[PDB]
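Single chain ahead, by itself, as structure tokens, in the form deposited in one PDB entry.
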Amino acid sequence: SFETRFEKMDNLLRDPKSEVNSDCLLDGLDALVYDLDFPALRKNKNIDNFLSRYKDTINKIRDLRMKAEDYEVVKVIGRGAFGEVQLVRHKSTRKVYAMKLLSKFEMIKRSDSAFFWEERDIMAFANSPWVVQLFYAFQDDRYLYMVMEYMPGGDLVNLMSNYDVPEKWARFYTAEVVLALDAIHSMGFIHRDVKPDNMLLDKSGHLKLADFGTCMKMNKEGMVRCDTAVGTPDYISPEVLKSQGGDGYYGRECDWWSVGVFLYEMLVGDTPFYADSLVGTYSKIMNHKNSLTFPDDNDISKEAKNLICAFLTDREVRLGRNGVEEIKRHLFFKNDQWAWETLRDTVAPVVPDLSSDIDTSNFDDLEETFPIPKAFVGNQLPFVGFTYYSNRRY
């Protein structure tokens, strides 16, 4: 019909999950103008005339749309090779956020684009108290930006380094991780790299997962086919570690192995397969049946030992193969302080004591430009559609 065709097209321009909504379309033109504005390419009159025709408009678009200079950077709270995380304050609204920057230069050098899409989607559409929320996502010729709610309580690496974690605390954090991973699993994703580094704490001391650079969408059978290993040397499961491509098929039960590693780390003070070298840590994971031991210190309960061992086994007999309820029913979680359904409403073991909205006390104290192209290379093309601003879900 004539109206239908018009209405279907109109919904596409408005839909926050559409590849052709206003956000993606503005990204398309912004990328085209960046990728063409070079003296060598401007020798072509089609390119030159187009850029001149859109000059004034592109400057208005770039001024009106969300940009880095709208944010006042308070402190850098995270740093990696692919980018940095910074505590920012939006100059207009005066609102405090955490902003994750990802280097487009770094992503182009090495075939490592495409990882940020699931991190964008999980944070933008999870609508879960267990997942850090994405408020805005934007970009320029140099970086990808993700404006998120700030987690002032810091991460679990910081907590474990400042406290000898008692079992009652370890039960709380393990239980919240179990609920958090289950929310991710329900969305159809496998985390693949669950670690204390990506377990953040809010102003109340309750957990939220962040850093989803390894998340992969499950298939019909709830599986993932991956030829190359993904994760961290200490927390990687044997099945993800040995994945060759010819036989590299695995499910959500790989995230349950990581919980086992996390619980062990909290109660013992070290990872179970730790070695003086990375290659030795690999050897110990592969030989988990003989390398998993507990120190001769009665501090770890029978139930905590049982859970660690129930998780730190081959995927075919691992606790969680039959679902979350078999994990939830484990005697380790038996207590009189909380219940699974009301856990995030209870008072957390460590309630952060914060001086202001820009307090960074739980965070440790802390550019290569693209060469001028001679021909069209389209370095901005793999980032088209990243913007989450003009068409958001409310």
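Numbers follow the displayed sequence, beginning with 1. Just so we're on the same page, rigid core means the largest C-alpha set that superposes within 1.5 Å between forms.
One more form of this protein, deposited in another entry, exists but is not displayed; see below.
Relative to the superposed core, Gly80 undergoes a Cα shift of 2 Å or more between the shown form and the other one. With the core superposed, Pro196 shows a C-alpha displacement below 2 Å between the shown form and the other one. Residue displacement note: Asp48 has its CA displaced by at least 2 Å between the shown form and the other one (rigid core superposed). By 3 Å or more, the C-alpha separation between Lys217 and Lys208 grows in the other form relative to the form shown here. Note: the CA-CA distance for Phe189 and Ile108 contracts in the other form relative to this form, by 3 angstroms or more.
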